[PDB]
């Protein structure tokens, strides 16, 4: 309950299984199997499971043996990416498999298989590569004639394709450091977020006359409306907040040319993602969602960082008893972030437009450059 240690909690996770393999209370075992890197490295936890299995083997306790093997099986099936990525954890599982082949006589050895995992480690190491001298201004001419919904859909896909590459290790490193330090996957996701926002900014500042800029503002308001209809709150923030960047907000003359209906809908969307009330509107809408949903990562990262800094990991100075509340609260967030990968967005997307969109999102301008462009479009 309150004041548990990693040994007691691991034993509790072992006891949670049945001799047949049935899991009695899956919430506890799912909690500890995801949350334990916060307190103990995964290789060390695997070593502890190994020692428990060996010690139970010496005492001929068949129940403890098969329960431990079922726990390891559930661990492998639930989080395979970590078993592929972590070499020391895989070595511990190798040693345990050898112990099963020796003492179990292949009775429980079939219960553990490490290459049944359809995983691609290099997915997180692979970075994109696109031709030089593209002059990919065709997207500029194209998005004017692009249906808003369609555009929204494609954006969703892109962001979702990045979000799935984030593992628990990345969330842990972020919350521990407060920022992305040696965290290229989450860094790439955040960079894509800001690339979407800056793309909105550039697409708006590209037009030379104020009514045209107001027209593209209306267009992006519609793609934000469709993102909300898509239940994609993350990219919504990307474009809505991109519509409120300093460079575009100070464009008073183009802001005169946007229709009042567009203004009403726009301020409604901005109110949806307000930080007032601790993002209460967003949290309520997300809770009311059914089916696929894309939460705005950054609100939940804010919650995780607040929990990490406010509450202590351990309750004793010896750092052996786990703060049960914190672990639960953190879990309640992270599991949600995990469940996002369970469902795919109901989105059709042709890869050609994906490529065009990625190439357009690639271009980077400093904040000062966009502000200078805004000054060119409308001086003081």
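Numbering follows the first chain given and starts at 1.
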Regarding 350-358 and 42-50, which shows the higher C-alpha temperature factor on average in the entry? 350-358
Hey, which bit's got the bigger mean C-alpha B factor in the entry, 315-323 or 33-41? 315-323
Among 203, 167, 258, 146, the highest C-alpha B-factor in the PDB entry belongs to 146
Among the choices 159, 84, 101, 225, identify the one whose CA B-factor in the record is greatest. 101
Would the CA B-factor of residue 175 place it in the lowest, middle or highest third of its chain? lowest
Per the entry's values, where does residue 120 land by CA temperature factor relative to the rest of its chain, in the lowest, middle or highest third? highest
Relative C-alpha B-factor of residue 74, binned into the chain's lowest, middle or highest third: highest
Please say which third, lowest, middle or highest, residue 184 falls into when its CA temperature factor is compared across its chain. lowest
What third of its chain's C-alpha B-factors does residue 302 belong to: lowest, middle or highest? middle
